[PDB]
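All remarks here apply to the structure that follows.
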Amino acid sequence: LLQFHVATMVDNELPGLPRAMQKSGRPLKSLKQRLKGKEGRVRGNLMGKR
DNA sequence: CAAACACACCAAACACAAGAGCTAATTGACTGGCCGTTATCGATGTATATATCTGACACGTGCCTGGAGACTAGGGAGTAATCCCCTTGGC
């Protein structure tokens with residue numbers, strides 16, 4: 005369980021493994037998701053800003 | 001026979017899917033155990049309201065004692081005459 009929780013903390017989406025879901029019923033935004041691609045940190049707030 | 005590499009095939013993942021710009025609306029956790037506050041139910045009264053019994057005062061009835069009424073019996077109190085004892089009066 006500890007391994008699963010940490011992996012979900014730094015990577016929500018895994019191949020085949022269950023996805024961490026908030027009790028409300030929505031997935032948790034792991035750090036990888038935070039800067040995986042567009043709308044992230046690099047392309048979202050370093051190469052393109054407001 | 002066992003080990004080296006090469007090839008074809010199968011099986012498993014990664015990341016991307018233009019630049020953005022505006023507006024709207026759906027989601028606003030939930031049973032249970034337990035502690036902590038507080039509302040309620042309960043006992044243990046003392047204070048006040050009412051009922052029963054006892055005591056003092058009031059009106060009324062009564063038993064008892066003494067007093068009062070009508071009538072009676074028969075004798076106590078009491079006129080009318082008399083005597084003469086004795087008192088007042090006198091020189």
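Counting in the working numbering, the first sequence tops out at residue 54, every number present.
Beta carbons are placed, not taken as given, at the ideal position from N, Cα and C, and that holds for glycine.
- Message: Tell me the DSSP secondary structure of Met25 in three-state form.
- Response: strand
- In terms of DSSP beta bridges, what is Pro31 paired with? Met25
- Enclosing alpha helix (DSSP H) for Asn16 [first to last residue]: That residue, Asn16, is in no alpha helix (DSSP H); it is neither H nor E in DSSP.
- Message: With the cut-off set at 9 Å, would you say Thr12 and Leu39 are in Cβ contact?
- Response: no
- Where does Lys36 fall in DSSP's three states? helix
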